[PDB]
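Single chain ahead, written as structure tokens, the form deposited in one PDB entry.
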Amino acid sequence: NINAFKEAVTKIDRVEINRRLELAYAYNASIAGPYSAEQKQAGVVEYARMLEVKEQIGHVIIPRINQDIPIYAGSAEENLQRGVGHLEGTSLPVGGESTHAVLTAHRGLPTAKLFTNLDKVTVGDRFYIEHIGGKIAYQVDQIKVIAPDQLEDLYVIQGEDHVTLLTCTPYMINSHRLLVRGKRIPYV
């Protein structure tokens, strides 16, 4: 599955990756606000389309917790049951200045690890998004537990490239959301 996305990515043309990535970037620009309103909007359409079809965005590798979880567009349960749901209204995890991808995954499901261990992720820890365009790396710069009412941490920090691995916390209780935010680092 982390293969059936790797295989599905290789299997698709650079041009198509770019168009989708660029739809991702435009999606991100419109999230964040380089891209025209129309491409922004197309980016929104593509996200929405990715949303509609619960498209796999890729997968987030979190070395710390040995998680390599498929990311799907949308925080729909049907994604959250399968792996990481990219949070709607959130930058697609394609990196970029002023992208903030929020990748939500359950802090565990029955048998299913998912983000159950996100709490072990430690500032400085890295995690990576493999999206259709490749792997990008984040280093957690901020682990935050916030009430689930709090959105502010999930918005694009302009200038910044973040991906917050978002889960519910405390484990099991899920009162709060654990935001493990990675700041884009160079992928090595």
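Definition used throughout: the rigid core is the maximal C-alpha set that superposes within 1.5 Å between two forms. All residue numbers refer to positions in the sequence shown, first residue = 1.
Keep in mind the form deposited in another entry is missing from the figure; the text below concerns it.
J.: Of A137, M50, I65, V156, which one's CA moves 2 Å or more between this form and the one not shown, core aligned?
T.: The listed residue whose C-alpha shifts by at least 2 Å is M50.
J.: Superposing on the rigid core, I want to see if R107 changes position between this form and the one not shown - specifically a Cα shift of 2 Å or more.
T.: Yes: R107 shifts by at least 2 Å between this form and the one not shown.
J.: Could you tell me whether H59 and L51 have their C-alpha atoms closer or farther apart in that other deposited form than in the shown form, knowing the shift is 3 angstroms or more?
T.: Closer in that other deposited form, by 3 Å or more.
J.: Indicate closer or farther: the Cα atoms of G108 and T99, in that other deposited form, relative to the displayed form, with a change of 3 Å or more.
T.: Between the C-alphas of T99 and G108, the gap widens in that other deposited form (3 Å or more compared with this form).
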